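Following: one structure in structure tokens, then a few remarks.
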Amino acid sequence: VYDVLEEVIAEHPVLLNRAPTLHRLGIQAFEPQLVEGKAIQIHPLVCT
Amino acid sequence: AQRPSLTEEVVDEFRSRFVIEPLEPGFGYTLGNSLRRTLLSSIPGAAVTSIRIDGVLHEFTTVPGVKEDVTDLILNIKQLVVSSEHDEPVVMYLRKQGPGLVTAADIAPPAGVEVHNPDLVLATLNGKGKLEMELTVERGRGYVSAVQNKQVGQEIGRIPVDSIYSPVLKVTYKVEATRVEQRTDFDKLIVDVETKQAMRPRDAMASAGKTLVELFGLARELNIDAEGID
Amino acid sequence: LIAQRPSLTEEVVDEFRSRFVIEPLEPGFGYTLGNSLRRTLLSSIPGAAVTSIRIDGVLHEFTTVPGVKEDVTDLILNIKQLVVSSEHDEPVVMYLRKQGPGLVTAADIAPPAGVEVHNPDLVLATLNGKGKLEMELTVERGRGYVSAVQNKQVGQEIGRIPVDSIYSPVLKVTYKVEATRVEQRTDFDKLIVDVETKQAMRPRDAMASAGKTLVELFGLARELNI
Amino acid sequence: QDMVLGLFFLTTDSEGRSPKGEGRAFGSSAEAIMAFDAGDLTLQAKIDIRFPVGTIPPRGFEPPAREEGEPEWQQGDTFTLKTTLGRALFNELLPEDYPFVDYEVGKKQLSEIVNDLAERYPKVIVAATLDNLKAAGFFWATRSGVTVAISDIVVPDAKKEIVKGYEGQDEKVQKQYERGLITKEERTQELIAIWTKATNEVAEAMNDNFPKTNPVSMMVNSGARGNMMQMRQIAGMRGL
Amino acid sequence: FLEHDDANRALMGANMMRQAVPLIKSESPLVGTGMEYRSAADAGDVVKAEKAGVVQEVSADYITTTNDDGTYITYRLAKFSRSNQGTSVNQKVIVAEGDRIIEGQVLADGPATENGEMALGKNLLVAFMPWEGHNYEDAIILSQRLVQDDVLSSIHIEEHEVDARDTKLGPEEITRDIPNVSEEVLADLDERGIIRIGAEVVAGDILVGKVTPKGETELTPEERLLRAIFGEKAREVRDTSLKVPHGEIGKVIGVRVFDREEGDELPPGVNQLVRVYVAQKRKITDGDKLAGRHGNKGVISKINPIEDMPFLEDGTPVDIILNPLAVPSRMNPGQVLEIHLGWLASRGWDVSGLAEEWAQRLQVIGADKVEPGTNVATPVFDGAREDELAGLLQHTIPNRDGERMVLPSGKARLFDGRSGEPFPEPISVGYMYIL
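Chains as they are written, first to last, in the authors' numbering: chain A, 483 to 530; chain B, 4 to 233; chain C, 2 to 227; chain D, 579 to 818; chain E, 582 to 1016.
Structure, rendered in structure tokens:
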């Protein structure tokens, strides 16, 4: 099941979004990689 | 788990990539940095160490007949790769007359000593040639700094040139994660190295492995233990 | 140039904290090897420990054994850190029984044949006048560390409490690098690898296991080319 | 934030950073890294390096090309420059065509670089450039030696005399005010001016105080995080 | 150290120092202030002895004491009981069965309290560095030590209050007889329809078996004729069973059963009431929010082995690592001093007559000689100063003959667990209290 999930997360843009979308560059797409844990992980130069 | 192994990827005849298979967590660092430093400062070889440019003084900047200045002579000669089977300081000669340019193909080798880059361009000359100097090949390992070797003291003509006995020239070691049966935190080692034309990197792997295996057998010999591996 | 091959020794200062010295080492070459030794010593030297408890009269670890001062969860968290030494591949069932007012020290625990407990100086619990205490301890070998949850394997026995395990017979492992005074212009250096182990193995055998693992690894790396 | 701090440490100068191996000349990147490993080449040390065919040199240094009769056709000839190892290690991240960079690449400069790569080079190359910049920044951020201990936060030595003089002015103002020849509003505005001047003077004193390599100085000057006001708050004066 | 922050950070710390879950091995901080004892005693959950005398017994649950007046009192203790949100209020003993007690002495401790002092968090060793960017922008990276020691782990108690109603289609019963279910799902269930008190529960289980005796499910004339032709009477009952929520694990802490038969108070219709409490233990994991006492907030980024994180000169690793870019910008330089004092406490110092001004002051205070572990108390606005902290770090007890470990200016020559070489320059390390 997790193997197929790692397979399916590939080639699937995912729309990350935050609450107060003040400007246009507030909702974007990303490619998901199946990290362990219980939190979503983000690139360190889209946090602006 | 599964027994790891090694794979090599060829890109050119001077640099190559090595991959050490998915490793147990943390041990990627047990391998990488030690492999880097052992490849760097363990394997020996032959190199220049001191030369005698004829008819010059340290207070004199350039040299007549050759527009090339002293510093770039050092920079051009220290790149001369050389192998030896002598193990003591030899002294060998290099001369040239007439206009043109002196390259790496007109140096009269002594017994046993061989140079592996005959196409190296050394200097350019115009008019009267009068080029002659003697260079000293030594054997050693690592990278020796330009310390005053007390050769200038007894003779003005002596000048010491630093060298790189090490076949390896540049090294890059990294660790990256991979999935092995729903286990992703496992590590995996990458080592990409550029080694000069003296010998292929795989022989450097052999020699570094010999050194490391010896230096850890020196600790394994304390006893015989039932640890469990392979 | 220099043919002085490395040479190992062994210095002793106390029962377990032992430092092993390698004098003929290349300059700027001891730190990575010391790191290698520390890594393999901190997580690659097997041992043994206690895997689960089975008390009678207590089905879950959130009640208290009748007439027992410490809880069941506290008993778990104070038994999981035992100091033992086992040799059998299959896990062995060790027993403990007590009654009446008396601290149940680890000495009171009964080691079966082939398994030992190396520390009887443990204050597990202090019973009261009506103590009727019984305990079972499964012991197994391994290496590293395991979390409590995955240790559970069987549901047919319901009252048994599964807990974690610590397969690590070792403590702080430091080292140092000194300057060799040999008359060589490279100014060789010297490595002093410290090791400490609680009471299970000895530093000689601990480093023997470490050397065995690292020798296997670098022999693989050394020979598998071609 | 920190990536720019890493790049700034990589591509800074040797101004008071304990140079090691100055005046020497090297032949390539290999010798530079060997001298770095052996522990005789400071990362930010003024050294003369030869670069091979492929590198596009700086701009201002070209008209000072090598004085020789033959045509020094610059765009494919190996050359020699009085560089620093940091710039040499920074240049290979930027693509094979970007002209050499020989200035402290702080906050805004990195933005100038990205603007140029965005308008000239395609998107994927800019992505690779940003990723490599990130890797180098984090690497040298780990191995930078910037860590907020309690010795980093400086105290301007002259701030004490600054505030003592300005409170001398304040107490003269108050000794007059209790006499009544001035009003409360006048005193309040005069104090506003007095302590605004005090705040600015302590700000410039803190500017003078730090060394270039002090971590907080590296944060403010590299445009990593914060401003001058927040360092005034931390180390100098918080302001009215 | 509340005088070394900004108004917003003290406000944030005040707000976010009051949503801390309790911990199993609750312990007082190494560094704190004298409003843990008072704030844990004047509260309620700690049991106290209001009678001077001598204890007879301190058993599992009931601490039995005999007074000087000569009366027997059975102090019952709140052993693993539930609170409003679903945490645990577990009480524990502090004394033995041969001790004298005076009035108003803490004969036990409540949750998040040890020895009668408020215990919210734990003490962990910190090293201030940017490290691979895993702590980029005010985040936190932790060591797996605190997954083995269970230093930072908590226990929660969910509840379920289910009950059957008389309805109109016959009275609902609480029975093991759930229509057409496998024997494994009700194996834990009791004959009356409650799981065994102690067996585990996970998402996808059954808590209480409930069913409505009658039902008008499908009785249209076509289906009535079909059933008559078949000749078999299908079961009109329907499962009204309780259901553990999907996304929770736990183990039962207790069960309570009630019925209209007893004098209990219940509105009409309700037949049988069941209250099943479930109690789970959670260990610290990446993504679980953490914080500190100066609002230095953050979330766990990644968990690494013990050796990956650095180690000092004698081999002891570091427990937590924080990004030093947040300290200046966020404007809270009141945590560095907490870290330094925490280290000073965790390796006891020894100021036996240094003759310095600060030494004389700290001596007339009397807090000069300290063993390795004595928790330190710092007033909120009369806490530790600076030069005293520096001198204390200068004159700590040597590990060995002359081994004063960290340099006299806070920083420490912390090595690099990853590679092995020392980091280019020293690092600042100590001990901090983490909620």
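Quick reminder that beta carbons are idealized off the backbone N, C-alpha and C, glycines included.
What would DSSP say about C:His-61, mapped onto helix, strand or coil?
Within the third sequence, the letter at position 60 stands for residue 61 of chain C. In the structure shown, C:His-61 sits in coil (DSSP, three-state: anything other than H, G, I, E or B).
Applying the criterion that 16 or more other CB atoms from any shown protein chain within 10 Å of the CB defines a buried residue, is A:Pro-495 buried or exposed? Locating residue 495 of chain A in the first sequence gives position 13, where the first residue counts as 1. Under this definition A:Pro-495 is an exposed residue.
- Task: Could you tell me whether the region 608-616 of chain D touches the region 935-942 of chain E, using the rule of 3 or more Cβ pairs below 8 Å?
- Result: no
Pop quiz: C:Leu-172 and C:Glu-197 are said to be a contact at Cβ under 8 Å. What is the actual Cβ separation, rounded to whole angstroms?
Against the third sequence, residue 172 of chain C aligns to sequence position 171. Against the third sequence, residue 197 of chain C aligns to sequence position 196. Correct: roughly 4 Å between the Cβ atoms.
key: Neighbourhood of D:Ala-696 by C-beta, 7 Å cutoff - its chain only, sequence neighbours within 5 removed   = Sequence index remark: in the fourth sequence, residue 696 of chain D carries index 118 (1-based). Hits under 7 Å: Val-704.
Given D:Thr-725 as reference, the closest of E:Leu-1016, E:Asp-820, E:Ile-1015 and E:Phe-1004 once Cα atoms are compared:
The residue you call residue 725 of chain D lines up with position 147 of the fourth sequence. When only C-alpha atoms are compared, the closest one is E:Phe-1004.
How would you write the range of the alpha helix (DSSP H) that E:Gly-594 sits in, first residue to last?
Counting from 1 along the fifth sequence, the entry for residue 594 of chain E is found at position 13. Looking at the DSSP string, the run of the alpha helix (DSSP H) that includes E:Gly-594 is 588-596.
| task | Could you please give me the residues that DSSP links to E:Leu-706 through a beta bridge? | result | Taking the first residue of the fifth sequence as position 1, residue 706 of chain E is located at position 125. Note: E:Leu-706 sits in a beta bridge opposite E:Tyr-1012.
For this session: Tell me whether D:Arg-628 sits in a helix, a strand or coil according to DSSP, three-state version.
Result: On the fourth sequence, residue 628 of chain D is found 50 positions in, with the first residue counted as 1. Here D:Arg-628 sits in strand by DSSP.
Does any CB atom of chain D fall closer than 8 Å to the CB of A:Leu-527?
Start at 1 with the first residue of the first sequence, and residue 527 of chain A comes out as number 45. Yes, A:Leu-527 counts as interfacial toward chain D.
- Message: For D:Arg-810 and D:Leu-663, I'd like the C-alpha separation in whole angstroms.
- Response: If you number the fourth sequence from 1, residue 810 of chain D lands on position 232. If you number the fourth sequence from 1, residue 663 of chain D lands on position 85. Straight-line Cα distance between these residues: approximately 34 Å.
- For the region 900-925 of chain E, which residues have a CB atom closer than 8 Å to at least one CB atom of chain D, in sequence order? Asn-904, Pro-905, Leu-906, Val-908, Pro-909, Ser-910, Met-912, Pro-914, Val-917, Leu-918 and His-921
Assigned secondary structure, B:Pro-170 (DSSP; H/G/I helix, E/B strand, else coil): For the purposes of this step, residue 170 of chain B is taken as the residue at position 167 of the second sequence. Note: B:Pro-170 maps to coil in three-state DSSP.
Should C:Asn-226 be flagged as near chain E, meaning a C-beta pair shorter than 8 Å?
For the purposes of this step, residue 226 of chain C is taken as the residue at position 225 of the third sequence. Cβ-Cβ to chain E under 8 Å: no for C:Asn-226.
Original post:
Is B:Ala-111 closer than 8 Å to B:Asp-122 when the C-beta atoms are compared?
Top reply: In the second sequence, counting from the first residue as 1, residue 122 of chain B sits at position 119. In the second sequence, counting from the first residue as 1, residue 111 of chain B sits at position 108. Not in contact: B:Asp-122 and B:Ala-111 (Cβ atoms no closer than 8 Å).
> Between C:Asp-90 and chain B, is there a C-beta pair that is closer than 8 Å?
Replying inline: Residue mapping note: residue 90 of chain C aligns to position 89 of the third sequence, counting from 1. Closer than 8 Å: no.
Q. Which residues of chain D have a Cβ atom closer than 7 Å to the Cβ of B:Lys-191, listed in chain order?
A. Residue 191 of chain B sits at position 188 when you count from the first residue of the second sequence. The premise fails here: B:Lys-191 is roughly 17 Å from chain D at the closest Cβ pair, so nothing lies under 7 Å.
| task | Could you tell me the distance, in whole angstroms, from the CA atom of E:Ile-682 to the CA atom of E:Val-836? | result | Working through the fifth sequence from its first residue, we reach residue 682 of chain E at position 101. Working through the fifth sequence from its first residue, we reach residue 836 of chain E at position 255. Each residue's alpha carbon lies about 35 Å from the other.
With 8 Å as the threshold, decide whether the Cβ of A:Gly-519 is near any Cβ in chain E. Against the first sequence, residue 519 of chain A aligns to sequence position 37. It does: the Cβ of A:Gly-519 has a partner Cβ on chain E nearer than 8 Å.
Residues near D:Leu-688 by beta carbon distance below 8 Å, same chain, minus five either side: Locating residue 688 of chain D in the fourth sequence gives position 110, where the first residue counts as 1. So the list reads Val-582, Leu-585 and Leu-711, once near-sequence residues are dropped.
- Since E:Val-951 is in the beta strand (DSSP E), which residue starts that stretch and which ends it? Working through the fifth sequence from its first residue, we reach residue 951 of chain E at position 370. Counting along the chain, E:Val-951 falls outside any beta strand (DSSP E), and DSSP gives it neither H nor E.
Can you name the start and end residues of the beta strand (DSSP E) that A:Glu-518 belongs to?
-> Here residue 518 of chain A refers to the residue found at position 36 when the first sequence is read from its first residue. Unbroken run through A:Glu-518: none, as it is neither H nor E.
**Cross-chain neighbours of E:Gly-1001 in chain F, by beta carbon under 7 Å** = Among the protein chains of the structure shown, namely A, B, C, D and E, there is no chain F.
message: So if I threshold CB-CB distances at 8 Å, which residues from the region 176-187 of chain B count as touching chain A?
response: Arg-182, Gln-185 and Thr-187
Give, in chain order, every residue of the region 687-709 of chain E whose Cβ lies closer than 7 Å to some Cβ of chain D.
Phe-709
Worksheet item: From this set, E:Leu-974, E:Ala-595, E:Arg-985 and E:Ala-860, which residue's C-alpha is nearest E:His-741's C-alpha?
Response: Taking the first residue of the fifth sequence as 1, we reach residue 741 of chain E at position 160. Per the Cα distances, E:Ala-860.
Discussion item. Spatial neighbours of C:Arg-223 within its chain, please: C-beta separation below 6 Å, excluding the five flanking residues on both sides.
Written reply: What you label residue 223 of chain C is simply residue 222 of the third sequence in a count that begins at 1. Nothing listed; no residue qualifies.
For E:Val-825 and E:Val-743, believed in contact at Cβ under 8 Å, the rounded distance: In the fifth sequence, residue 743 of chain E corresponds to position 162, counting from 1. In the fifth sequence, residue 825 of chain E corresponds to position 244, counting from 1. The Cβ separation is near 11 Å, so there is no contact.
For B:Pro-102, would you say it is in contact with chain E, using Cβ-to-Cβ distances shorter than 8 Å as the test?
Against the second sequence, residue 102 of chain B aligns to sequence position 99. Taking Cβ atoms only, chain E never reaches closer than 8 Å to B:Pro-102, which makes this a no.
Given that residue 862 of chain D touches chain A, what residues does it touch there, using C-beta distances under 9 Å? Any question about residue 862 of chain D goes unanswered here, given that chain D covers just 579 to 818.
Assuming C:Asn-152 and C:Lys-70 make a contact with CB atoms under 8 Å, what is their CB distance in whole Å?
Numbered from 1 along the third sequence, position 151 holds the residue referred to as residue 152 of chain C. Numbered from 1 along the third sequence, position 69 holds the residue referred to as residue 70 of chain C. Wrong, their Cβ atoms sit about 26 Å apart, outside the cutoff.
**OP:** Please say whether E:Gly-751 and E:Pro-794 have beta carbons closer to each other than 8 Å?
**Re:** Residue mapping note: residue 794 of chain E aligns to position 213 of the fifth sequence, counting from 1. Residue mapping note: residue 751 of chain E aligns to position 170 of the fifth sequence, counting from 1. For E:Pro-794 and E:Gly-751, yes; Cβs fall inside 8 Å.
Exercise. Check whether the Cβ of E:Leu-903 lies closer than 7 Å to any heavy atom of the ligand MN, and answer yes or no.
Key: Annotation note on the ligand MN: not contained in the displayed structure, which lists no ligands.
Worksheet item: From D:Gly-715 to D:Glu-645, what distance separates their C-alpha atoms?
Response: On the fourth sequence, residue 715 of chain D is found 137 positions in, with the first residue counted as 1. On the fourth sequence, residue 645 of chain D is found 67 positions in, with the first residue counted as 1. D:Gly-715 and D:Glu-645: Cα-Cα distance of roughly 38 Å.
- [ ] Rounded to whole angstroms, what's the CA-CA distance from E:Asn-956 to D:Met-806? Just pull it up for me.
- [x] Along the fifth sequence, read from residue 1 onward, the residue named residue 956 of chain E stands at position 375. Along the fourth sequence, read from residue 1 onward, the residue named residue 806 of chain D stands at position 228. Cα to Cα, E:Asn-956 sits roughly 38 Å from D:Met-806.
Using only CA atoms, which one of E:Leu-925, E:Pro-898, E:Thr-977 and E:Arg-874 lies nearest to E:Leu-583? Numbered from 1 along the fifth sequence, position 2 holds the residue referred to as residue 583 of chain E. Out of E:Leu-925, E:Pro-898, E:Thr-977 and E:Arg-874, E:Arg-874 has the C-alpha closest to the C-alpha of E:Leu-583.
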